[PDB]
Each structure stands twice: as C-alpha cells, then as structure tokens.
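Chemist:
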Amino acid sequence: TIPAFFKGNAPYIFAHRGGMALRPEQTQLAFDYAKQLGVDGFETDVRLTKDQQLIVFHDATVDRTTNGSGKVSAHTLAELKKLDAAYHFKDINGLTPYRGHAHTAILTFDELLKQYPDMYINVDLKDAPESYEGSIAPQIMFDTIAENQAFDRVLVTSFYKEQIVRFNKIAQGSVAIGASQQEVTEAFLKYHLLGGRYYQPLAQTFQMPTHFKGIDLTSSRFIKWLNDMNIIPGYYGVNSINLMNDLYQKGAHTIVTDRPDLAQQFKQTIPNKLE
Ligand SMILES: O=P([O-])(O)O
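Taking the working numbering, the leading residue of the sequence shown gets 259, the next gets one more, and so forth.
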C-alpha cells in the first residue's frame with residue numbers, strides 16, 4: 259500500500275516552480291527547459307479556481323505573474339487561461355522576452371500530470387484550511403492524482419499541517435506526504451523521552467532551508483539523525499553544485515533548486531546505475 263515514491267539510490271532534484279530563475283514560474287516554458295536541463299521533477303504549488311479546478315500557481319492573486327488582477331478563487335479557468343503568465347518575467351536586460359509568446363499560459367494540475375508523465379511532482383497545497391477553496395482542494399488533489407494513476411510519482415505537502423492531515427485521510431497513505439513542522443517537533447520530543455529507541459512509524463519528507471536565521475541546517479549528524487528517526491530529509495533553495503554534492507553525500511534525498519542547470523551537471527558526476 260505504501261507508495262514507492264523514492265526509487266534508486268540518487269536524490270531527486272526538483273526545479274523550483276519549474277525553475278523560476280530561468281523561465282517564467284509555473285509555465286510550460288519553465289517545465290520544458292528544466293526537463294531538458296535534466297531535473298528529476300518539478301516543485302510546484304496549486305490553487306483552486308471558481309470552477310474548483312486546481313491550477314499550477316503560487317500566489318492567491320494573479321497580479322504578480324500575469325497581466326490580470328484579482329484572486330484565483332474569483333476567476334474561472336477560462337478567464338485565467340486568457341492571461342499571460344509570463345507578462346512580468348524580466349531578464350537582466352530589463353526586457354520581458356516571454357510576454358505575449360507561446361506556452362506562457364497557466365496550467366492546471368491535471369494537464370501537468372498528463373503532459374509530463376515521467377516527472378516527479380513535489381506539490382504544495384497553498385489554499386488555507388479555513389478557506390472554502392482549502393476545504394475541497396485535498397479531495398480534488400487526490401482525484402486528479404487518482405485519475406492519472408500517478409500515486410507513486412507525486413509528493414503532496416503543505417505549510418499547514420491540517421492540509422496534510424486532510425489529504426492523508428483521503429489518500430489512505432497511498433501518496434507520499436511531506437512532514438509538518440509540528441510532527442517533527444514532537445518527533446524530537448519522543449526521541450529525548452524514549453531515547454534513541456524511537457523512530458517515526460511512517461516515513462515522511464521534511465523539506466528544510468539550508469539556513470535559517472544564521473543557523474546552518476546541513477549538519478551531517480542532523481541529516482543522519484533525521485534518517486534514523488525515519489524522517490526523509492530534504493532541502494530547498496540549493497543553488498550551487500558543491501552544496502548539491504554535499505547534501506547528496508550526507509544523506510539528503512530531495513533537492514529543490516531555483517537553478518535547474520546544475521541538475522545536469524550533478525547527474526554527470528553520479529553513476530547511471532544508481533537511478
Ligand atoms: O513553491 P514555494 O516557493 O512555496 O516553495
């Protein structure tokens with residue numbers, strides 16, 4: 259029943275929002291470029307529309323990344339799809355080279371699964387649990403995963419523990435889920451109480467920053483401790499090849515990078531038999 263999400267012996271490299279540093283975030287121009295650059299999958303976010311259809315989108319409003327205005331929850335999928343999701347992407351020249359071009363449109367989570375059936379999906383449920391969109395999003399998320407037979411290649415996480423709570427009750431543990439911050443805090447507590455005898459019963463991915471308020475979280479003993487706790491350690495914001503090799507040798511299993519170009523370089527270093 260447990261999903262075999264992690265296969266092989268090489269850590270998965272994810273492009274942050276499809277590789278937002280090089281191409282407009284959440285657009286096909288980004289997913290195509292990152293996939294060409296040799297990434298293992300896409301880190302992404304989902305928002306629910308008025309049609310109750312999940313779209314690949316980060317902000318609650320389309321103002322930052324499109325030519326439109328307003329919340330995604332107030333727009334239809336048809337209205338959202340007339341917008342240019344590359345309208346505000348600027349290169350270092352100051353130009354917007356992808357404004358008005360093809361493949362600059364918003365995508366639904368359904369079309370993302372059908373179009374890239376070989377990529378791993380690390381998806382974030384963004385809508386708050388208190389909201390109306392957040393109540394029905396976990397179910398719609400599972401239905402989309404279920405309709406595309408992608409139980410073993412999608413990782414559903416959230417900043418809110420309750421969204422992971424509500425997705426996991428529907429998914430029956432048939433889809434890998436991210437670890438909440440409260441669950442890790444109470445994992446450390448049951449460790450000190452029960453000694454090293456404790457481990458988490460179900461493996462969950464805990465994605466971390468490489469640094470937080472001056473505190474380095476790349477300690478080899480911390481990564482080893484998490485693995486001994488049966489907590490799968492991962493890191494986002496990894497934008498150098500030496501840090502990628504460092505986390506790979508310490509035991510991290512997921513890497514989210516804004517720079518998908520380094521993924522191809524990382525893969526050349528590792529052997530093909532590990533995959
Ligand atoms: O997609 P992120 O920016 O919420 O990690």
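No residue lacks a Cβ here, since even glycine has one placed at the ideal position from N, Cα and C.
Below 9 Å between beta carbons: does that hold for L306 and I398?
Modeler: Their beta carbons are under 9 Å apart, which means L306 touches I398 by this criterion.
Chemist: Following the continuous alpha helix (DSSP H) through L295, name the residue where it begins and the one where it ends.
Modeler: Per DSSP, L295 belongs to no alpha helix (DSSP H) and is neither H nor E.
Chemist: Just confirm the distance between the C-beta atoms of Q465 and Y493, as a whole number of angstroms; I'd bet it's less than 8 Å.
Modeler: That belief holds up - the Cβ atoms of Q465 and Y493 are roughly 7 Å apart, short of 8 Å.
Chemist: Going by DSSP, what residue range makes up the beta strand (DSSP E) through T527?
Modeler: First-last for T527: 519-527, but that is the alpha helix (DSSP H), not the beta strand (DSSP E).
Chemist: Starting from the N-terminal side, write out each stretch of the beta strand (DSSP E) that is 3 residues or longer and does not extend beyond the region 261-296.
Modeler: Taking only runs of at least 3 residues, the beta strand (DSSP E) segments lying wholly in the region 261-296 are 270-274.
Chemist: Using the three-state DSSP reduction, which class does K329 fall into: helix, strand or coil?
Modeler: If DSSP states are grouped into helix, strand and coil, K329 belongs with the strands.
Chemist: Should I403 and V412 be called a contact, given that it needs their Cβ atoms to be closer than 9 Å?
Modeler: Yes, the pair counts as a contact, with Cβ atoms nearer than the cut-off.
Chemist: For ligand 1, I want to know if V514 counts as a neighbour, meaning its beta carbon is within less than 8 Å of at least one of the ligand's heavy atoms.
Modeler: At least one heavy atom of ligand 1 is nearer than 8 Å to the Cβ of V514, so yes.
Chemist: Pick out whichever of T259, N488, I271 has its Cα sitting closest to the Cα of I513.
Modeler: Here the closest residue by C-alpha is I271.
Chemist: Kindly identify the DSSP beta-bridge partner or partners of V314.
Modeler: Paired residues: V304.
Chemist: What number of angstroms, rounded off, separates the C-alpha of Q311 from the C-alpha of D317?
Modeler: Each residue's Cα considered, the two are about 16 Å apart.
Chemist: Output yes or no for whether 9 Å exceeds the beta carbon distance between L460 and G431.
Modeler: A contact, by the Cβ cut-off of 9 Å.
Chemist: Could you check if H316 belongs to the surroundings of ligand 1, using beta carbon to heavy atom distance under 8 Å?
Modeler: Checking every heavy atom of ligand 1 against the Cβ of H316, one is found closer than 8 Å.
Chemist: First and last residue of the beta strand (DSSP E) that includes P491?
Modeler: Note, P491: beta strand (DSSP E), 489-494.
Chemist: Here's the rule: buried if 16 or more other CB atoms are within 10 angstroms of the residue's CB, otherwise exposed. What is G358?
Modeler: Looking at its Cβ environment, which holds fewer than 16 other Cβ atoms inside 10 Å, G358 is exposed.
Chemist: What I want to know is whether the C-beta of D303 ends up closer than 8 Å to one or more non-hydrogen atoms of ligand 1.
Modeler: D303: yes, Cβ under 8 Å from ligand 1.
Chemist: Can you tell me where the alpha helix (DSSP H) holding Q407 begins and where it ends?
Modeler: No alpha helix (DSSP H) contains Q407, which DSSP labels as neither H nor E.
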